[PDB]
Structure formats: C-alpha cells, structure tokens
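Below you'll find only one chain, the form deposited in one PDB entry, shown as structure tokens.
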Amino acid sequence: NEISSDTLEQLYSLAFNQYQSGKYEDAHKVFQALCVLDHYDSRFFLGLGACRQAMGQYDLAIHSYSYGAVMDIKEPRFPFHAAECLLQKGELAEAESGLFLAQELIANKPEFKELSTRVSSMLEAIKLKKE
C-alpha cells in the first residue's frame, strides 16, 4: 500500500524529536516502521541503529548500520557508528576496518572535521594495543 505520501517526513520528525528527548524505545518503534515504509532511505536506518546503540544493543545496531551502508556506500556515519559498537564488543580488528573505511569516505570533506578527529583518536588506540 505504498502510495503513502510524504507524511514520511512527519513521521521522521516525530521519531527524530523523540530521540532528542532520550525516548529511545519509542523512537525505535517509529524508525522501525519507517524502514518498512521506505527501505531505501538511509536516515531511517541511521535512526534505527542509533536507538539500538543508545540502548546498548550493539549487535542490533551494527545490523541496521550495515543495511544503511549498502544503500548509501558513500556515507561515513555508518562505518563510524558500527566501529563504535564493534569497539564496545571488544572486536578491535573489525572496528579498525570500520574506522579506516570511514576515513576514506570522509577524505578531506570540511563538514566531517570533528568526526575525523574522533576517527584518528580511535585508530591510534587500537594501533598501540598491537605492540
């Protein structure tokens, strides 16, 4: 029945607002349904994964980020947030690839300035462990 409008934007705004109020459980329910309505929009998977990350659900988060990565191969926020989750699980080699990928996708784009510094900080911590 996807002759559904851009009431999709109304739903995204609501889920976005719930997330900023720390209502992660409610936000995740909306984001989940949005992923059902339009499985090609990457904001919905970033949102869904973010809620799972916020609630400590690392494997579920990585799963949503993986999907987002498939539909938006240029978006560095997916491997970067997955790398965070993989770090929390103590999976350092996998986290490293995540960070290196993010770094490739960010390149020297000005909008990801602070995000670059976090990436480098994490790569430096994993690097020293292998000594």
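The numbering used is simple: start at 1 and walk along the sequence shown. In this text, the rigid core denotes the largest set of C-alpha atoms whose superposition between the two forms falls within 1.5 Å.
With 89-97 and 52-60 compared on mean CA B-factor from the PDB entry, the stretch scoring higher is 89-97. Comparing the deposited coordinates for 109-117 and 19-27, the stretch with the larger average C-alpha B-factor is 109-117. Per the PDB record, residue ranking by Cα B-factor puts residue 65 in the lowest third of the chain. Ranked within its chain, residue 73 lands in the middle third, by CA B factor from the PDB record. In the deposited entry, the Cα temperature factor of residue 37 sits in the top third of values across the chain's modelled residues.
Quick note: we don't show the form deposited in another entry, though the next part is all about it.
Core-superposed comparison between the shown form and the other one: the Cα of residue 20 travels less than 2 Å.
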